[PDB]
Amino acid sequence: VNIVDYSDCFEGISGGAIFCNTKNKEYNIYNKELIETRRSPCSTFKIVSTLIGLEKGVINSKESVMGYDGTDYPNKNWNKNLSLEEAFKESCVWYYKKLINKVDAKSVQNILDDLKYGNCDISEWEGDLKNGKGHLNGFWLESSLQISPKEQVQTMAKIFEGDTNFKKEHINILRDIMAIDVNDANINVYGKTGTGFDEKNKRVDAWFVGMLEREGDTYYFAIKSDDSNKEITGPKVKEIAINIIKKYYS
């Protein structure tokens, strides 16, 4: 466990980072207090909810559809019968809500328990209804389920090192749809952003969680901001994460 200073890449934004290489067990941690604090995963939960849907047969491939019903949404790309790959990349809320609501709560509870997914608290299945957004809510979106960045990395490692019971075919679907382009062919980066606002503490929950492969070595990582500035989003923290990867992990 090495405590590190990535503050220059955070460019004044409050947050922390954790990178873990499980081959040689090198844990690099910036802002240890934050990295151990549990928070809502927000859209980073799509990593796990995709695998749940595949395991239960609700979806089957990166082409799989969820039966769009014509409801009007402000995001153009949500207004179509999109595939799993597109719903993941466009963070289509209705697709992932419909997917998870086809799965019984005990199945979800047991999978989260097996993954040690934070507090594994799905008690508020419906999510944070007081924000007025109705069915565009769920237990993983600023609601009962909370996970620390360190726990995110531990879960990512267990999934992608093949240490869970999820099918390899399903892991590979997730890998494909998580891959991102960082304009450096010499590293393979995979990840997912998340964005929420913590109304109790007046702070954002801005996430980028994923993994990095660079010549035999793999790092699992979670970058997280808790800034009070509402302008700080998941996509912004992904930029920060990319800067760290290029500076220290290339």
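Just count from 1 along the sequence shown to find any residue number.
Participant: Which is higher on average in the deposited entry, the C-alpha temperature factors of 176 to 184 or of 151 to 159?
Facilitator: The deposited B-factors put 176 to 184 ahead on the C-alpha mean.
Participant: On mean Cα temperature factor in this entry, is 218 to 226 or 192 to 200 the higher one?
Facilitator: The deposited B-factors put 192 to 200 ahead on the C-alpha mean.
Participant: Please pick out which of 32, 39, 46, 62 has the largest Cα B-factor as recorded in the entry.
Facilitator: Reading the PDB entry, the winner on C-alpha B-factor is 32.
Participant: Hey, what third does residue 164 fall into on Cα B-factor, ranked over its chain?
Facilitator: Residue 164: CA B-factor falls in the middle third of its chain.
Participant: Ordered by C-alpha B-factor within the chain, which third holds residue 91? Give me lowest, middle or highest, please.
Facilitator: It belongs to the highest third of the chain when residues are ordered by C-alpha B-factor.
Participant: Which third of the chain does residue 207 land in by C-alpha B-factor: lowest, middle or highest?
Facilitator: For residue 207, the deposited C-alpha B-factor lands in the lowest third.
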